[PDB]
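Report on the structure given below.
Number of protein chains: 4
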Amino acid sequence: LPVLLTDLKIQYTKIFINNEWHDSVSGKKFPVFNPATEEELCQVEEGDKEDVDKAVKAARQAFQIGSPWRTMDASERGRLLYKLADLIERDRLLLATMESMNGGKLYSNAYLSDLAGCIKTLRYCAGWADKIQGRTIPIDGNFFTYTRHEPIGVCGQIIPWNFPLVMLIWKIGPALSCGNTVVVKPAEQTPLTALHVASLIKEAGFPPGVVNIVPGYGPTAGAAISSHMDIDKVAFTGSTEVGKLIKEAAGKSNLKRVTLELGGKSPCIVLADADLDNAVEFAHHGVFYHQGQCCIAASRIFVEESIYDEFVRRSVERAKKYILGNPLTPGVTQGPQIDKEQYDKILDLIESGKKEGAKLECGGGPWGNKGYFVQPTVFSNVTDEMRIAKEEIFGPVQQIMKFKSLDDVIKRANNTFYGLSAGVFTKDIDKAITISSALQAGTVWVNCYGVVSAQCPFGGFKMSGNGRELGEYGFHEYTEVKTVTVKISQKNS
Amino acid sequence: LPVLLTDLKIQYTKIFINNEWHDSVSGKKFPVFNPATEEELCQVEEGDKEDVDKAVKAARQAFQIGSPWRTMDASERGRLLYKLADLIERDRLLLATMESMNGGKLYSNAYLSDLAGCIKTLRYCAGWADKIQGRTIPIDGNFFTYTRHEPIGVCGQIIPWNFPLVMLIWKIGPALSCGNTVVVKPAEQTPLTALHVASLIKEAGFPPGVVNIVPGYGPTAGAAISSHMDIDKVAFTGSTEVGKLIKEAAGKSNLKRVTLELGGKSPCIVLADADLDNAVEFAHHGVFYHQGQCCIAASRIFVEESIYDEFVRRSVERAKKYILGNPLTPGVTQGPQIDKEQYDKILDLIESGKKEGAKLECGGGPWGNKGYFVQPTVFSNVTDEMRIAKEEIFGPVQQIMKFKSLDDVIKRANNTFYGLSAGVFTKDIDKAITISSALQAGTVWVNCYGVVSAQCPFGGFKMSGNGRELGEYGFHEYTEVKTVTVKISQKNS
Amino acid sequence: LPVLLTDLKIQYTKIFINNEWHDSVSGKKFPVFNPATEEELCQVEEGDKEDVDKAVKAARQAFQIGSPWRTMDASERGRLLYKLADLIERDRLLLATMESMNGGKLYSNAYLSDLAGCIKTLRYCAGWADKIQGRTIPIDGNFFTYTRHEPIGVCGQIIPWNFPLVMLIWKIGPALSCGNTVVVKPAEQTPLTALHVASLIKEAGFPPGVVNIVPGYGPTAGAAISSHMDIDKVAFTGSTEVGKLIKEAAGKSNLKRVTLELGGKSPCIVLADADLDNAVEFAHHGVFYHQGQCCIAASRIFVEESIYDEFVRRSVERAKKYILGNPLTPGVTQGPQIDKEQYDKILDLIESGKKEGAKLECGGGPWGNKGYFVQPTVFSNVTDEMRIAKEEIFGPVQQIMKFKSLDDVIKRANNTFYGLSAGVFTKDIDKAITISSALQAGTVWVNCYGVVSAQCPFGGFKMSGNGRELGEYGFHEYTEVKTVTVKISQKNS
Amino acid sequence: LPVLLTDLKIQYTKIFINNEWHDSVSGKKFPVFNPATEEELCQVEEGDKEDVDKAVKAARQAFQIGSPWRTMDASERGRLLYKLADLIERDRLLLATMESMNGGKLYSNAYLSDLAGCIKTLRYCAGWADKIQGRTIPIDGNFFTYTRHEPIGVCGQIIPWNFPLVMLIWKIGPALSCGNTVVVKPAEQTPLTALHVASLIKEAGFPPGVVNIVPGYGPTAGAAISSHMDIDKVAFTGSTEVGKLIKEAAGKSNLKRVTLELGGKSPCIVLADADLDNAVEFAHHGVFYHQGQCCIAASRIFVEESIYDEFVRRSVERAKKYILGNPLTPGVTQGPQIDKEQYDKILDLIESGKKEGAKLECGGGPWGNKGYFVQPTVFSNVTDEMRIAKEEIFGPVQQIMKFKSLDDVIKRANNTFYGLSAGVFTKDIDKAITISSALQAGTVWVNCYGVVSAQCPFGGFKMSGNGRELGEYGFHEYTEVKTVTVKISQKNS
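Top to bottom, those sequences are chains A, B, C and D.
Reading the first sequence from the start, the letters are residues 1269 to 1761 in my numbering.
Reading the second sequence from the start, the letters are residues 1269 to 1761 in my numbering.
Reading the third sequence from the start, the letters are residues 1269 to 1761 in my numbering.
Reading the fourth sequence from the start, the letters are residues 1269 to 1761 in my numbering.
Structural data, given as structure tokens:
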């Protein structure tokens, strides 16, 4: 793992529309800060309805019949995606640093893990461009029918900071692969990662106006991209709240297609037969990976009575072993949160549990002064009524209940309004298959966790989301399906 | 074609929940009327939040793990669907009559066409139950992944009267096939068709509480089924208005999955090389089939200059040849509309065009006294600014513009906020393929129209709809996709 | 289970070509016998090159463009298949009896199991007729491509007696579904089952000359159907020997497509953690189901040392519990073999093991006088060098080795030239997935056996077979794939 | 187009097994010659049963469980393929030259066309490695089934010279993608192209013993690779003769899977409405591309009476316009044939037609002295009885019949024992679809020809071939399908 000791510089801070770095009409530029240190990083600009509208207009152009981007052979879309990927891999070092300096994330995590993931989505999605096929339904009659999988149109993507670049990639890969044009709105907590990738797309040679990024504060662009009368798909990844907002506006605009992957409270279910060693390590990443800021974080470990206490032991034991240090520092297994917003919130949640008599086995507070560091916390004896068990503590905090039966645990996990993921640790074949099905989640993990690959479709059940991403199924959201039926004369089977 | 001279009787007028004919809590029962005669047919009941909630509760029961309906082998779901189909075909005669007496529709159309269609969806969907398969993604790592296509849960279906039974079937086929449980809310203009089919499902042996129908006025159940905190999918087929309503509530409830197939203004594009004979006949069904009450009605025929007038001639010529008579009378090619609502509206639209200087080549008014009969109308010299060219005249009325180029016509059709369907009549290979793609519709028809088969996916682009129906793609809306990843030891390709 | 005490009558004994019961040119009619009693059942006829050629000619007619069978909408092919299925289910009783009286098979097995299976293939395959679709490859260039899945042509099917009707159905379902025409050659040991089904197809209304059956001795028709210069696919299910014969002639005729599902020696691998109870019962059906005359019979159980002896105990224990009685007698769990051929052979194999020092724990000989009954036998301490462990003892005989490691057992099973199936009994998740993959078989069974459903593709690896059957993959053998590429003008994505 | 004036050097002339350049056991090395000049190019070695057996042994090693090549994540197989592709593109210039110097082919054709094609297969096939998925059949019962698409094993590929590198790529792409190991036997007329690519695979980092090339004379290795008792798939691309040979040995060895794409006589069908301009140009490439040495060459143009003569005119007109010059010379549109073998044969065929009274409108003989150059020939007034119309004149020679009806022409084309391809030139929609279906070919071309892309499956009907290549369907030949069924407890839909 190379280290970019080079003081990371922010090369891009402006809006990218028509492959050109515009500015803000109001001339208003918001400020980005290093949450690991609280210092300011730079002054990216802030978009508004004008810029969204501006870019959306760019999109329709890119998407028009006989455009450069529509007549381009699909294989060539794939060829271009592969280049962005290859370009991102070349600049990996820096791009990895710009995520840490702005997302506050262990570098080993934003290099050995994140940027690699981003490249691999674009690589996968590239090889899926020329393989999205139609059908030739053997209809009845002397007619000949065939479905065509065709691009939707302009796609608006609202991303969340947690994974500044991975989700951008998870959304401009399936999109650009199927042939759609994207207006990307990156988050406020972190605008740098994307703006930079936009420059690499331009080097890749993507046509002018295919991928338009409109960095800028939420409320504003949101309603816009999500109510333009020219955008057809709004894909939002963020918290449930903003989500009902985006979907509402969707109806109240054009019935545009809406795929939203909100979050959830996911349950781990270690069982008497589990290899506690394994369950302990993986239950650990589950809650303390990226400082619990992954929508798939195990904010609810249920351990069977038999092995409740033991689990508790190592669980907290390893918890304290995390290091609230510098994401830009080696050996650091935990970084800042992200901002006073989540930061204060996290602490508040920690407090609530305390009030609720949570078994605060560790942490409970913050570490250090400048920046935003919370102390790897743990709450034993959590009950299904504790707030810590009813909400997304999106942050480092571990809650751990106790169950005595299989039916009870699967019921006590499915008693939520969420279903992004789950972990059943077991050493039994029958349990594995029953608890994997009885659980209501989009992705269940048996004896592992956080294992998400591009190939595998990912999304959420219930109010955890809408649609899927990655996979072969994530290219179903960005392609409409035109049936054409011709009147041939005699139709022979 | 047999004729049910037998005075059609309304056997069912009450709510079907848990395979039992309940009543209305308020004891309020709405009245259904024969639009062909305006006489009342019977007194079906009217549901409310209580009954919706009642039935939704029935559903969750039906859908529970180890339920009778979930442990049932998929093949058996198919076996049961095939029986409903076979039962519907046995009772065809009557069931055909109950649609005419309540939908006001030519019997030849509700027998030789509609009921046949209804059976064939259920037959198709039945043979799709045991063939919805997952995958075994060759993921990276020594892990083994597989996607499972699993039932969503309780599905709420809001149907429109136009096709009282076909859409019920288009929605309880893909659903019941994939294993979901349905709470069906039929329309007010016509509750009889469905309630009856519900009885046939019970004879078919469908478990108790799988298919619950809650007949009842719109506003009420609507918000309910569409905001229950236990229904997961709301599929609505109706007008755009109610649609943004259902989707907005969706977000403002559970982010439940929402597939809505609203309507559209569809364009026919007869061209200089077309076989006017063919184009004339098919452009005729396009607008005057089921009294223009098909969301795919050609409310916009564009004829190239060369053959504008000629087309106009036969077009109107055949128009007058339609017969505003008795849907329950043989030889009648047109029946009542449906109710003063659409009836008055239709006439109003007719008037507006008159005010707009539409070339009222025929009709313009109503025919007969009792019931709701409009005179097959036609409006030549329509312009893209005439109201008749900007709205769904959902009723018998034909509008006919004139275009001089291919680019112009395809632009003047794609200049709408709709895209359910279209008809390009041509005798040229290149046109066919370009105009079929350049057009923005879910279903384009070349040299034919109204040709919709179950096998072929159907839905709408733009604000014409959301998702698809029928097809192999219509079983993509009712199945969620669970990825399970196991940690095997060594993984060999 | 109803019982057809009615003295089963053989209604059909002649050749079915053009939906008509022809005879034999030579006038030669072979004799069929009841192996349960050795009495003769009737005198079916014997075909020859003339009759094969005769029927093949019928086929080409049925398959010609604009034929009745080619212009028939696929849905209608499915509709017709469903009727044969429904007809077979109506006559189930008798048809079940005609298999027992001729195959010598426990009635409970030829009713509660076999005929049910036959119906379910035809039901499945029926619902697969209208869903075999092409694609619309997004090729490069301004061209438009689409693959059409089209019928091969006349298909020749050589069946084996063991499952007289199930394999006929496994071959005239995928075929008739995809639209091909079949010339079926049934076995000598048992011609009745099929000839009868042919009559039911005719009642079903299948066109005249679609399904032509040419009953008749092997050698003769074989080379014919398999070297006609008008048949395109020869699907043979039988022993390896005849198979290399059919394939060699294939090349030496027309390179016709050849899918052959020969047999194999399949290995069960019970392990220390297995539920011996379960493993014992299922390992039992594995070898003594249908008198070991199933190509998937466990002629090789490997038990780990730990639980070797115990397994041996119950294994033989239950073995003796089988009853060499009357297949047409209730309570009989084992019937005759099939004919002196296999009968003598079986006994010979039994003897060879004895010579090899097999641990003859039970049986070893025949039971009763008339007919062909062998005594449920068992051979402990079998070694990988014993003939009983190198050949298909296609008959009741159980061999049981002992293994001490996982690697060793999976190696000692994969050391064959076969791979139809296998059974890994385990209670461990990791073993299950590794031994299921490490094993070289088309169908591996974990903790069960003989579980074969229509939906699941079935065939053999290595010299155990060629291609697959059932499944969605079994409609890949009977459909060729025509790519058509048109030169459209501008091609927009 | 860069030109490798650099005297092309033959870097590789030896056998590649275990990523090492072995030699020949007999020490026998065959000689390769430049057919454009008849001079010798170098002295490649000649393999035998020993070397085949040698390499096959290497393969099994590469394919073993836990091998480096089997545990490799599929994505990584794709990553490696992409590198070979990228490496081939880097060396393009030379590799293009080594095909011309040895295949005798216009450089513009072996650069701007061939090497590009080779790279694009490997690029496509690479992106298909991680997307070959199984299924999760919703079987009946409380069982859980899933099909696994798994590598077959060692694959033996016999290539033909015509496209020395493209077919190597068409066979080591689908193979290496699905995970199989290949023993490639290149042709005698041309061994250089492949041996070189083998070096690039090694640079790509493909494991040691995955791709083993055994250059060497036909008869020898043939029977070997095709009868090794360790190779499972033999894919041969060549003439029909050798094909029945390879398939017969297949049965007479292991029933190994056999996909053979032999050749054919393909028919063009220009029609009265065709754009003769277009039909003329494309009918030209059809027969004179790569000197008629493409298995898809239009050795049978049928022109409707109306426009027979006209077609004849330009057809021959452009024919003479071809240039029998130097494939390594710019502006040369035709090169040598390949060797006295085809060369003498070609001339013989030309003579036969002369004897048959063919309307020798042009050519008829050879051009120049050294090398192997035939004069672009044409034969008008060909009849369906002329030898030139019953055999593959695999070489430059054009035959042109006359037809008066559609039915007649489609019958006169389908009256062959072949079906690789066809060209229907038309300007009518109905013809296009009927003649495209009525024709019996794997690939029909409407208004174009020779248009073959990787994405599109390609193979032959009838005795023109077996199986398909490219496409998503070409990864169905190299993957077997293991069904695993587990006994879960309760199975909920």
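Yeah, the Cβ is synthetic: ideal placement off N, Cα and C, and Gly gets one too.
task: Sort B:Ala1323, B:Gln1311, B:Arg1345 by Cα distance to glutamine 1279 (chain B) and report the nearest one.
output: As a working mapping, residue 1279 (chain B) is identified with position 11 in the second sequence. Here the closest residue by C-alpha is B:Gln1311.
query: Would a C-beta distance cut-off of 8 angstroms place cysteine 1446 (chain D) and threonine 1747 (chain D) closer than the cut-off?
result: As a working mapping, residue 1446 (chain D) is identified with position 178 in the fourth sequence. As a working mapping, residue 1747 (chain D) is identified with position 479 in the fourth sequence. It is a contact, given that the beta carbons lie within the stated cut-off.
task: Anything in the segment 1701-1732 of chain A with a Cβ closer than 7 angstroms to a Cβ of chain G? List those residues in chain order, please.
output: Looking for chain G here will not work: the only protein chains present are A, B, C and D.
message: For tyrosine 1485 (chain D), tell me which candidate among D:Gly1632, D:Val1465, D:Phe1474, D:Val1452 has the shortest Cα-Cα distance.
response: The residue given as residue 1485 (chain D) occupies position 217 in the fourth sequence. Nearest C-alpha to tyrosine 1485 (chain D): D:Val1452.
query: Can you tell me whether DSSP reads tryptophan 1438 (chain C) as helix, strand or coil?
result: Counting from one through the third sequence, the residue named residue 1438 (chain C) turns up at place 170. Of the three classes helix, strand and coil, the one that applies to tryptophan 1438 (chain C) here is helix, per DSSP.
- prompt: Can you list the beta strand (DSSP E) stretches of 3 or more residues lying completely in the segment 1485-1562 of chain C, in chain order?
  reply: 1499-1504, 1525-1528, 1536-1538
query: Is the beta carbon of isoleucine 1333 (chain A) less than 8 angstroms from the beta carbon of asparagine 1760 (chain C)?
result: Here residue 1333 (chain A) corresponds to residue number 65 of the first sequence, with the count starting at 1. Here residue 1760 (chain C) corresponds to residue number 492 of the third sequence, with the count starting at 1. Yes, the Cβ-Cβ distance between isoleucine 1333 (chain A) and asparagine 1760 (chain C) is below 8 angstroms.
query: At a Cβ threshold of 8 angstroms, is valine 1510 (chain B) touching chain A?
result: Along the second sequence, one-based indexing puts residue 1510 (chain B) at 242. Output row for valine 1510 (chain B): interface = no.
- prompt: Do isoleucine 1606 (chain A) and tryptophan 1429 (chain A) have their C-beta atoms closer together than 8 angstroms?
  reply: Translated into the one-based positions of the first sequence, residue 1606 (chain A) becomes position 338. Translated into the one-based positions of the first sequence, residue 1429 (chain A) becomes position 161. Yes, the pair counts as a contact, with Cβ atoms nearer than the cut-off.
- request: Return no unless some Cβ of chain B is closer than 8 angstroms to the Cβ of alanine 1326 (chain D).
  value: Against the fourth sequence, residue 1326 (chain D) aligns to sequence position 58. Answer no: the Cβ-Cβ gap between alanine 1326 (chain D) and chain B never drops below 8 angstroms.
query: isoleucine 1285 (chain B) and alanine 1326 (chain B) look like a contact to me (Cβ under 8 angstroms); what is the Cβ gap, rounded to whole Å?
result: Sequence index remark: in the second sequence, residue 1285 (chain B) carries index 17 (1-based). Sequence index remark: in the second sequence, residue 1326 (chain B) carries index 58 (1-based). About 5 angstroms; that satisfies the 8 angstroms criterion.
- request: Kindly indicate the opening and closing residues of the beta strand (DSSP E) around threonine 1753 (chain C).
  value: The sequence position of residue 1753 (chain C) within the third sequence is 485, counting from 1. Unbroken beta strand (DSSP E) run through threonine 1753 (chain C): 1747-1754.
field: Beta-carbon proximity of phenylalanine 1411 (chain D) to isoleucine 1756 (chain D), cut-off 8 angstroms
entry: Reading the fourth sequence from its first residue, position 143 is the one you call residue 1411 (chain D). Reading the fourth sequence from its first residue, position 488 is the one you call residue 1756 (chain D). Cβ distance < 8 angstroms, so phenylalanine 1411 (chain D) and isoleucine 1756 (chain D) count as in contact.
- request: Could you tell me the distance, in whole angstroms, from the CA atom of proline 1406 (chain C) to the CA atom of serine 1689 (chain D)?
  value: Counted from its first residue, the third sequence places residue 1406 (chain C) at position 138. Counted from its first residue, the fourth sequence places residue 1689 (chain D) at position 421. Cα to Cα, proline 1406 (chain C) sits roughly 20 angstroms from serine 1689 (chain D).
- prompt: Quick one: which chain D residues come within Cβ less than 9 angstroms of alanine 1394 (chain A)?
  reply: As a working note, residue 1394 (chain A) is residue 126 in the first sequence. Near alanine 1394 (chain A) (Cβ distances below 9 angstroms), the residues of chain D are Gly1395.
field: Within-8 angstroms CB hit, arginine 1347 (chain B) to chain A
entry: Working through the second sequence from its first residue, we reach residue 1347 (chain B) at position 79. Judged by the 8 angstroms Cβ criterion, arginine 1347 (chain B) is not in contact with chain A.
task: Could you please give the first and the last residue of the uninterrupted beta strand (DSSP E) stretch that includes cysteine 1724 (chain B)?
output: Numbered from 1 along the second sequence, position 456 holds the residue referred to as residue 1724 (chain B). No beta strand (DSSP E) holds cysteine 1724 (chain B); DSSP gives it neither H nor E.
query: Do three or more CB pairs link the segment 1393-1404 of chain C to the segment 1452-1461 of chain C at distances below 8 angstroms?
result: no
- request: With DSSP collapsed to three states, give me the class of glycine 1402 (chain A).
  value: Residue mapping note: residue 1402 (chain A) aligns to position 134 of the first sequence, counting from 1. It is coil, neither helix nor strand.
- request: With 9 angstroms as the limit, tell me which residues of the segment 1297-1314 of chain C have their beta carbon closer than that to any beta carbon of chain D; keep them in chain order.
  value: none
message: Measuring only the C-alpha atoms, how far is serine 1376 (chain A) from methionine 1731 (chain B)?
response: Sequence index remark: in the first sequence, residue 1376 (chain A) carries index 108 (1-based). Sequence index remark: in the second sequence, residue 1731 (chain B) carries index 463 (1-based). Using only the alpha carbons, I get a separation of about 46 angstroms.
task: State yes or no: is the C-beta of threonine 1753 (chain B) within less than 8 angstroms of the C-beta of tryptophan 1713 (chain A)?
output: On the second sequence, position 485 is the one that residue 1753 (chain B) refers to. On the first sequence, position 445 is the one that residue 1713 (chain A) refers to. Contact flag set, yes.
Status (buried if at least 16 other CB within 10 Å, exposed otherwise) for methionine 1654 (chain D): Residue mapping note: residue 1654 (chain D) aligns to position 386 of the fourth sequence, counting from 1. Under this definition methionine 1654 (chain D) is a buried residue.
field: Presumed contact (8 angstroms Cβ cut-off) between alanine 1700 (chain D) and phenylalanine 1729 (chain D), rounded CB distance
entry: Taking the fourth sequence and counting its residues from 1, the one referred to as residue 1700 (chain D) is at position 432. Taking the fourth sequence and counting its residues from 1, the one referred to as residue 1729 (chain D) is at position 461. Not confirmed; about 19 angstroms, so no contact.
message: I'd like to know if the segment 1669-1683 of chain A and the segment 1533-1543 of chain A are in contact, where contact means that at least 3 CB-CB pairs between them fall below 8 angstroms.
response: yes
message: Taking beta-carbon pairs under 8 angstroms, can you tell me which members of the segment 1409-1423 of chain C lie near chain D?
response: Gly1409, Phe1411, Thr1413, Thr1415, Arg1416, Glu1418
message: Quick check: the segment 1596-1606 of chain D against the segment 1358-1376 of chain D, are at least 3 beta-carbon pairs closer than 8 angstroms?
response: yes
task: Please report the residue range of the beta strand (DSSP E) in which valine 1465 (chain A) lies.
output: As a working note, residue 1465 (chain A) is residue 197 in the first sequence. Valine 1465 (chain A) -> not in any beta strand (DSSP E); alpha helix (DSSP H) instead, spanning 1460-1472.
message: For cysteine 1423 (chain A), report the span of its beta strand (DSSP E) as first-last.
response: Here residue 1423 (chain A) corresponds to residue number 155 of the first sequence, with the count starting at 1. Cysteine 1423 (chain A) -> beta strand (DSSP E) spans 1422-1426.
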